[PDB]
Amino acid sequence: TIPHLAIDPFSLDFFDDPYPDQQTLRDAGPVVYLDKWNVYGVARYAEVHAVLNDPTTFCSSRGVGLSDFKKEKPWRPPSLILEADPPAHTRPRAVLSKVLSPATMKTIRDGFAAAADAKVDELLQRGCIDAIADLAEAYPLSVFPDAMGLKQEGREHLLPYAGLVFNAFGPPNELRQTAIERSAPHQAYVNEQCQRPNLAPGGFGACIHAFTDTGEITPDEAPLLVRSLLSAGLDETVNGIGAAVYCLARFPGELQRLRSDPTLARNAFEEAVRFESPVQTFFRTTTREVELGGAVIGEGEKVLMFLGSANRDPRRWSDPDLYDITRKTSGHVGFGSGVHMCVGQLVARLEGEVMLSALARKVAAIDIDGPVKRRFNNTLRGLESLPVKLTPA
Ligand code: HEM
Ligand SMILES: COc1ccc(C(=O)O)cc1
Ligand SMILES: [Cl-]
């Protein structure tokens, strides 16, 4: 009934080029069994969307990594939002939704845009740069920690902690065990910055603590909710921006369209999120026997959702492996879908938009002029190094 596959979606071979294996997973059936890790897999858009939008049947409180929290201890205390189900999910989600709200974006937009324009100006003085370290990493690090309200000391822990979080969703392979092996100093820094005295006035962290007044969260809930914004956000946005630059370098016709109409910057970034899907996968756990695409899955089974694959499913997308900055991207699952859909998506889109805006207005050409190196992570897809020459407009 259900095809059994030996593909390891967390292998370095898979990470290096996942797209042929993703078609194999899609075309084998709507539901596959992955013998390597004893989980079910869904790689077509339809089933990924269906799983995401039934949180009662496909829960997150038993972990959204391979590990089942009913069988193993979580490597860190569970997230109050990502690793919770309704109704426990609802009030922390509402707090983060207000902290990162449409109205909040107005207070940070001008500074985020200024930093993006300034970074592109700086990179044009150098000409030949690494669009990962010097741009995709450098830009978010120049705006988001300040917007959190973090002190300057210790910020070198932020990228290692994010990489650890996303490796820890994976199976117990060497990527995950090595990350946890090295985790203690990053864990200690992050947990300490979550305390109210260490979050500067007016930033995201202080705003979370300010909500402990309303009855939506208690003061003892606020540190772990701050932890959510020190786990999420950085690595995905870095990878998304790097993907966008990569695409503009590989598809010069799309850079030319973007230069011709810089108001396409926001959709250019959204299309990069669909095309690269920085978050490749998330798990759910069944809370009952369930019929999914003609297959019967038992209770307490892990279901692996291939978000990147769903975003390139030709059953849903015209020319899915073309980067098209005018594509109607509404419906892509790069930010998830449903009750858990990325609560920080307005922050991610703002960073991506103002960076692609600066490039659209200031750069004439982006040419790869060095070896492209991939970055390997159990959950994230992104580049390690992207040597480009930037030609000023
Ligand atoms: C391009 C950038 C980003 C991508 C691709 C991305 C991806 C995702 C995805 C796929 C989910 C769904 C998780 C699930 O369904 O289990 C999610 C949720 C979440 N994201 Fe993002 N994200 C991005 C940026 C951000 C930013 C900038 C922040 C914070 C400022 C953030 C914070 C969160 C949080 C806290 C959740 C949990 C929401 C919930 O469970 O209700 N993310 N993200
Ligand atoms: C989608 O990526 C993440 C990672 C961590 C968290 C969290 O720590 O709550 C949320 C989303
Ligand atoms: Cl931690």
# chains A, B, ... in the order shown; residues from 1 in each chain; ligands from 1
>>> residues_around(residues="segment 389-392 of chain A", least_positions_apart="2", cutoff="10 Å", atoms="only C-alpha atoms", output="PDB file with C-alpha atoms, in the first residue's frame")
ATOM      1  CA  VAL A 120      25.076  47.597  -0.032  1.00  0.00           C
ATOM      2  CA  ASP A 121      26.974  50.891  -0.284  1.00  0.00           C
ATOM      3  CA  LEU A 123      29.907  46.216  -0.274  1.00  0.00           C
ATOM      4  CA  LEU A 124      30.067  48.214  -3.517  1.00  0.00           C
ATOM      5  CA  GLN A 125      33.248  49.869  -2.220  1.00  0.00           C
ATOM      6  CA  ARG A 126      34.806  46.403  -1.945  1.00  0.00           C
ATOM      7  CA  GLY A 127      33.405  45.089  -5.239  1.00  0.00           C
ATOM      8  CA  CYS A 128      34.284  41.420  -4.704  1.00  0.00           C
ATOM      9  CA  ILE A 129      32.557  40.054  -1.592  1.00  0.00           C
ATOM     10  CA  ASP A 130      31.145  36.879  -0.052  1.00  0.00           C
ATOM     11  CA  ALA A 131      27.377  37.349  -0.263  1.00  0.00           C
ATOM     12  CA  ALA A 249      23.152  35.958  -9.712  1.00  0.00           C
ATOM     13  CA  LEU A 359      20.338  45.916  -4.524  1.00  0.00           C
ATOM     14  CA  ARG A 361      18.498  50.522  -6.762  1.00  0.00           C
ATOM     15  CA  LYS A 362      22.297  50.360  -6.367  1.00  0.00           C
ATOM     16  CA  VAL A 363      23.619  47.280  -8.223  1.00  0.00           C
ATOM     17  CA  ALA A 364      23.801  46.736 -11.978  1.00  0.00           C
ATOM     18  CA  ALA A 365      25.180  43.180 -12.015  1.00  0.00           C
ATOM     19  CA  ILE A 366      25.844  40.289  -9.630  1.00  0.00           C
ATOM     20  CA  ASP A 367      28.334  37.746 -10.980  1.00  0.00           C
ATOM     21  CA  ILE A 368      29.518  34.630  -9.179  1.00  0.00           C
ATOM     22  CA  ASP A 369      33.312  34.833  -9.248  1.00  0.00           C
ATOM     23  CA  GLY A 370      34.388  32.014  -6.943  1.00  0.00           C
ATOM     24  CA  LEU A 386      28.845  32.853  -2.284  1.00  0.00           C
ATOM     25  CA  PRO A 387      31.677  34.846  -3.891  1.00  0.00           C
TER      26      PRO A 387
END
>>> residues_near_ligand(ligand="ligand 2", cutoff="8 Å", atoms="only C-alpha atoms and all ligand atoms", output="PyMOL selection string")
chain A and resi 78-83+162+165-166+225+227-233+236+279+335+342
>>> write_last_selection(atoms="N, CA, C and O atoms", output="mmCIF file, in the first residue's frame")
data_model
loop_
_atom_site.group_PDB
_atom_site.id
_atom_site.type_symbol
_atom_site.label_atom_id
_atom_site.label_comp_id
_atom_site.auth_asym_id
_atom_site.auth_seq_id
_atom_site.Cartn_x
_atom_site.Cartn_y
_atom_site.Cartn_z
ATOM 1 N N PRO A 78 10.744 22.473 26.100
ATOM 2 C CA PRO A 78 9.980 22.696 24.866
ATOM 3 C C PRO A 78 9.624 24.161 24.667
ATOM 4 O O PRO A 78 9.334 24.889 25.619
ATOM 5 N N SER A 79 9.656 24.586 23.405
ATOM 6 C CA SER A 79 9.185 25.917 23.052
ATOM 7 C C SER A 79 7.724 26.078 23.444
ATOM 8 O O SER A 79 6.908 25.174 23.249
ATOM 9 N N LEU A 80 7.392 27.241 24.007
ATOM 10 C CA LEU A 80 6.013 27.486 24.408
ATOM 11 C C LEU A 80 5.079 27.685 23.225
ATOM 12 O O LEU A 80 3.858 27.653 23.415
ATOM 13 N N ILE A 81 5.607 27.876 22.016
ATOM 14 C CA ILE A 81 4.794 28.167 20.843
ATOM 15 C C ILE A 81 4.988 27.124 19.747
ATOM 16 O O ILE A 81 4.018 26.532 19.264
ATOM 17 N N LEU A 82 6.241 26.848 19.368
ATOM 18 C CA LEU A 82 6.485 25.903 18.279
ATOM 19 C C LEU A 82 6.110 24.482 18.674
ATOM 20 O O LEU A 82 5.560 23.727 17.862
ATOM 21 N N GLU A 83 6.405 24.098 19.911
ATOM 22 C CA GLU A 83 6.231 22.729 20.378
ATOM 23 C C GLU A 83 5.050 22.621 21.339
ATOM 24 O O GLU A 83 5.065 21.840 22.293
ATOM 25 N N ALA A 162 21.377 29.213 16.740
ATOM 26 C CA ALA A 162 20.371 28.961 15.711
ATOM 27 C C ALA A 162 20.688 27.688 14.937
ATOM 28 O O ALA A 162 19.806 26.853 14.702
ATOM 29 N N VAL A 165 19.801 24.671 17.096
ATOM 30 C CA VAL A 165 18.357 24.441 17.175
ATOM 31 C C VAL A 165 17.869 23.672 15.956
ATOM 32 O O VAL A 165 17.121 22.694 16.069
ATOM 33 N N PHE A 166 18.294 24.096 14.767
ATOM 34 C CA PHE A 166 17.785 23.464 13.558
ATOM 35 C C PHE A 166 18.445 22.117 13.277
ATOM 36 O O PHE A 166 17.802 21.230 12.703
ATOM 37 N N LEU A 225 9.580 32.469 25.973
ATOM 38 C CA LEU A 225 9.045 33.094 24.767
ATOM 39 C C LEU A 225 10.088 33.976 24.093
ATOM 40 O O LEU A 225 10.155 34.037 22.860
ATOM 41 N N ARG A 227 13.184 33.260 24.245
ATOM 42 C CA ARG A 227 14.043 32.245 23.645
ATOM 43 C C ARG A 227 13.593 31.890 22.236
ATOM 44 O O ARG A 227 14.427 31.576 21.380
ATOM 45 N N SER A 228 12.285 31.940 21.973
ATOM 46 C CA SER A 228 11.797 31.632 20.634
ATOM 47 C C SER A 228 12.406 32.574 19.597
ATOM 48 O O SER A 228 12.823 32.134 18.519
ATOM 49 N N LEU A 229 12.494 33.871 19.916
ATOM 50 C CA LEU A 229 13.046 34.844 18.979
ATOM 51 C C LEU A 229 14.568 34.851 18.955
ATOM 52 O O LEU A 229 15.153 35.535 18.110
ATOM 53 N N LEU A 230 15.220 34.118 19.857
ATOM 54 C CA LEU A 230 16.658 33.889 19.786
ATOM 55 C C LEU A 230 16.998 32.531 19.186
ATOM 56 O O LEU A 230 18.178 32.223 18.994
ATOM 57 N N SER A 231 15.989 31.712 18.899
ATOM 58 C CA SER A 231 16.158 30.457 18.180
ATOM 59 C C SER A 231 15.768 30.594 16.717
ATOM 60 O O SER A 231 16.532 30.219 15.826
ATOM 61 N N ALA A 232 14.585 31.132 16.466
ATOM 62 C CA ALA A 232 14.075 31.342 15.124
ATOM 63 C C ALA A 232 14.689 32.595 14.517
ATOM 64 O O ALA A 232 15.597 33.210 15.079
ATOM 65 N N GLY A 233 14.187 32.965 13.346
ATOM 66 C CA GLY A 233 14.585 34.221 12.751
ATOM 67 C C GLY A 233 15.913 34.473 12.072
ATOM 68 O O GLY A 233 15.942 34.971 10.945
ATOM 69 N N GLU A 236 17.184 31.268 9.217
ATOM 70 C CA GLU A 236 16.274 31.208 8.074
ATOM 71 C C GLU A 236 16.390 32.462 7.222
ATOM 72 O O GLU A 236 16.492 32.388 5.992
ATOM 73 N N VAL A 279 13.706 26.696 5.447
ATOM 74 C CA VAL A 279 13.267 25.606 6.307
ATOM 75 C C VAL A 279 12.759 24.499 5.394
ATOM 76 O O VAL A 279 11.697 24.624 4.778
ATOM 77 N N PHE A 335 6.863 29.367 4.836
ATOM 78 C CA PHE A 335 6.614 29.845 6.191
ATOM 79 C C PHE A 335 5.659 28.939 6.958
ATOM 80 O O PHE A 335 5.146 29.347 8.006
ATOM 81 N N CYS A 342 4.548 30.993 10.242
ATOM 82 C CA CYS A 342 5.633 31.761 10.852
ATOM 83 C C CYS A 342 5.146 33.067 11.464
ATOM 84 O O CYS A 342 4.668 33.955 10.755
#
>>> residues_near_ligand(ligand="ligand 3", cutoff="7 Å", atoms="only C-alpha atoms and all ligand atoms", output="tab-separated table (two decimals) with N, CA, C and O atoms, in the first residue's frame")
chain	number	residue	atom	x	y	z
A	76	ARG	N	16.18	20.45	24.99
A	76	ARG	CA	15.98	21.67	25.75
A	76	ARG	C	14.51	21.75	26.12
A	76	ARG	O	13.68	21.09	25.48
A	187	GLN	N	23.83	27.75	24.80
A	187	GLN	CA	22.65	27.63	25.65
A	187	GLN	C	22.70	28.60	26.82
A	187	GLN	O	21.69	29.25	27.15
A	190	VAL	N	22.20	32.30	25.69
A	190	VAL	CA	20.85	32.58	25.22
A	190	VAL	C	19.88	32.64	26.39
A	190	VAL	O	19.08	33.58	26.51
A	191	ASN	N	19.92	31.64	27.27
A	191	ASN	CA	19.01	31.62	28.41
A	191	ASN	C	19.16	32.86	29.27
A	191	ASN	O	18.17	33.42	29.76
>>> residues_around(residues="residue 183 of chain A", least_positions_apart="2", cutoff="12 Å", atoms="only C-alpha atoms", output="NGL selection string")
:A and (75-76 or 157-165 or 167-168 or 176-181 or 185-190)
>>> closest_atom_pairs(of="segment 196-249 of chain A", to="segment 134-149 of chain A", cutoff="10 Å", atoms="only C-alpha atoms", output="tab-separated table")
residue	atom	partner	partner_atom	distance
A:198	CA	A:149	CA	8.0
A:199	CA	A:149	CA	4.9
A:200	CA	A:149	CA	4.3
A:201	CA	A:149	CA	6.9
A:202	CA	A:149	CA	7.4
A:203	CA	A:149	CA	4.7
A:204	CA	A:148	CA	4.6
A:205	CA	A:148	CA	5.4
A:206	CA	A:149	CA	7.4
A:207	CA	A:148	CA	9.2
A:226	CA	A:148	CA	8.9
A:229	CA	A:148	CA	8.0
A:230	CA	A:148	CA	8.5
A:233	CA	A:144	CA	8.6
A:234	CA	A:140	CA	6.8
A:235	CA	A:137	CA	8.3
A:237	CA	A:140	CA	7.4
A:238	CA	A:136	CA	4.9
A:239	CA	A:136	CA	6.9
A:240	CA	A:136	CA	8.0
A:241	CA	A:136	CA	5.4
A:242	CA	A:136	CA	5.0
A:243	CA	A:136	CA	8.7
A:244	CA	A:136	CA	9.3
A:245	CA	A:136	CA	8.4
>>> write_last_selection(atoms="N, CA, C and O atoms", output="mmCIF file, in the first residue's frame")
data_model
loop_
_atom_site.group_PDB
_atom_site.id
_atom_site.type_symbol
_atom_site.label_atom_id
_atom_site.label_comp_id
_atom_site.auth_asym_id
_atom_site.auth_seq_id
_atom_site.Cartn_x
_atom_site.Cartn_y
_atom_site.Cartn_z
ATOM 1 N N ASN A 198 18.034 42.046 31.009
ATOM 2 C CA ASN A 198 19.044 42.026 29.961
ATOM 3 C C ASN A 198 18.501 42.415 28.593
ATOM 4 O O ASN A 198 19.237 42.337 27.602
ATOM 5 N N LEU A 199 17.241 42.824 28.508
ATOM 6 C CA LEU A 199 16.613 43.186 27.244
ATOM 7 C C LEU A 199 16.315 44.680 27.247
ATOM 8 O O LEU A 199 15.551 45.162 28.090
ATOM 9 N N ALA A 200 16.915 45.401 26.298
ATOM 10 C CA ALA A 200 16.894 46.855 26.318
ATOM 11 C C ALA A 200 15.480 47.391 26.095
ATOM 12 O O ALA A 200 14.662 46.752 25.427
ATOM 13 N N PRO A 201 15.170 48.566 26.645
ATOM 14 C CA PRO A 201 13.814 49.112 26.503
ATOM 15 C C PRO A 201 13.416 49.276 25.043
ATOM 16 O O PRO A 201 14.229 49.651 24.196
ATOM 17 N N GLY A 202 12.148 48.982 24.755
ATOM 18 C CA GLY A 202 11.586 49.202 23.439
ATOM 19 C C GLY A 202 11.819 48.103 22.425
ATOM 20 O O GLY A 202 11.213 48.146 21.346
ATOM 21 N N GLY A 203 12.677 47.124 22.719
ATOM 22 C CA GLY A 203 12.936 46.036 21.799
ATOM 23 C C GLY A 203 11.938 44.897 21.943
ATOM 24 O O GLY A 203 11.056 44.902 22.800
ATOM 25 N N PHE A 204 12.097 43.893 21.071
ATOM 26 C CA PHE A 204 11.179 42.757 21.067
ATOM 27 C C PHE A 204 11.156 42.050 22.417
ATOM 28 O O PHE A 204 10.086 41.680 22.913
ATOM 29 N N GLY A 205 12.330 41.839 23.016
ATOM 30 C CA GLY A 205 12.389 41.108 24.275
ATOM 31 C C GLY A 205 11.676 41.822 25.407
ATOM 32 O O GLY A 205 10.915 41.209 26.159
ATOM 33 N N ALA A 206 11.908 43.130 25.541
ATOM 34 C CA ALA A 206 11.203 43.896 26.560
ATOM 35 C C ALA A 206 9.702 43.909 26.309
ATOM 36 O O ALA A 206 8.912 43.901 27.260
ATOM 37 N N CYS A 207 9.291 43.931 25.038
ATOM 38 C CA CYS A 207 7.868 43.949 24.717
ATOM 39 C C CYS A 207 7.189 42.647 25.125
ATOM 40 O O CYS A 207 6.033 42.652 25.562
ATOM 41 N N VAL A 226 10.894 34.692 24.882
ATOM 42 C CA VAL A 226 12.032 35.406 24.309
ATOM 43 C C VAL A 226 12.966 34.423 23.623
ATOM 44 O O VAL A 226 13.478 34.690 22.528
ATOM 45 N N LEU A 229 12.494 33.871 19.916
ATOM 46 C CA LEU A 229 13.046 34.844 18.979
ATOM 47 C C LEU A 229 14.568 34.851 18.955
ATOM 48 O O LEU A 229 15.153 35.535 18.110
ATOM 49 N N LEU A 230 15.220 34.118 19.857
ATOM 50 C CA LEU A 230 16.658 33.889 19.786
ATOM 51 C C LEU A 230 16.998 32.531 19.186
ATOM 52 O O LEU A 230 18.178 32.223 18.994
ATOM 53 N N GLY A 233 14.187 32.965 13.346
ATOM 54 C CA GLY A 233 14.585 34.221 12.751
ATOM 55 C C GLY A 233 15.913 34.473 12.072
ATOM 56 O O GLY A 233 15.942 34.971 10.945
ATOM 57 N N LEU A 234 17.021 34.153 12.742
ATOM 58 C CA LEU A 234 18.322 34.527 12.200
ATOM 59 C C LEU A 234 18.713 33.634 11.030
ATOM 60 O O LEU A 234 18.871 34.110 9.900
ATOM 61 N N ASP A 235 18.847 32.327 11.272
ATOM 62 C CA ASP A 235 19.404 31.448 10.247
ATOM 63 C C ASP A 235 18.503 31.359 9.018
ATOM 64 O O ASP A 235 18.996 31.357 7.883
ATOM 65 N N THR A 237 16.363 33.631 7.864
ATOM 66 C CA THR A 237 16.414 34.886 7.128
ATOM 67 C C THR A 237 17.752 35.051 6.422
ATOM 68 O O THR A 237 17.804 35.513 5.277
ATOM 69 N N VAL A 238 18.847 34.682 7.095
ATOM 70 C CA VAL A 238 20.155 34.650 6.439
ATOM 71 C C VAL A 238 20.099 33.781 5.189
ATOM 72 O O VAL A 238 20.514 34.192 4.099
ATOM 73 N N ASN A 239 19.587 32.555 5.332
ATOM 74 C CA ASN A 239 19.536 31.642 4.195
ATOM 75 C C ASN A 239 18.597 32.158 3.110
ATOM 76 O O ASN A 239 18.873 32.003 1.914
ATOM 77 N N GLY A 240 17.482 32.775 3.504
ATOM 78 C CA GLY A 240 16.570 33.327 2.515
ATOM 79 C C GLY A 240 17.192 34.456 1.717
ATOM 80 O O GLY A 240 17.076 34.506 0.491
ATOM 81 N N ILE A 241 17.857 35.387 2.407
ATOM 82 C CA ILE A 241 18.525 36.481 1.708
ATOM 83 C C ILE A 241 19.626 35.940 0.805
ATOM 84 O O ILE A 241 19.763 36.358 -0.351
ATOM 85 N N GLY A 242 20.421 34.993 1.312
ATOM 86 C CA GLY A 242 21.469 34.403 0.492
ATOM 87 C C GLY A 242 20.920 33.709 -0.739
ATOM 88 O O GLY A 242 21.498 33.796 -1.826
ATOM 89 N N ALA A 243 19.791 33.019 -0.587
ATOM 90 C CA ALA A 243 19.138 32.399 -1.733
ATOM 91 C C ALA A 243 18.706 33.440 -2.755
ATOM 92 O O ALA A 243 18.884 33.249 -3.964
ATOM 93 N N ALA A 244 18.120 34.539 -2.285
ATOM 94 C CA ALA A 244 17.676 35.594 -3.189
ATOM 95 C C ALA A 244 18.842 36.149 -3.998
ATOM 96 O O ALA A 244 18.737 36.332 -5.215
ATOM 97 N N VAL A 245 19.968 36.419 -3.334
ATOM 98 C CA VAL A 245 21.155 36.883 -4.050
ATOM 99 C C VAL A 245 21.624 35.820 -5.034
ATOM 100 O O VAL A 245 21.934 36.115 -6.194
#
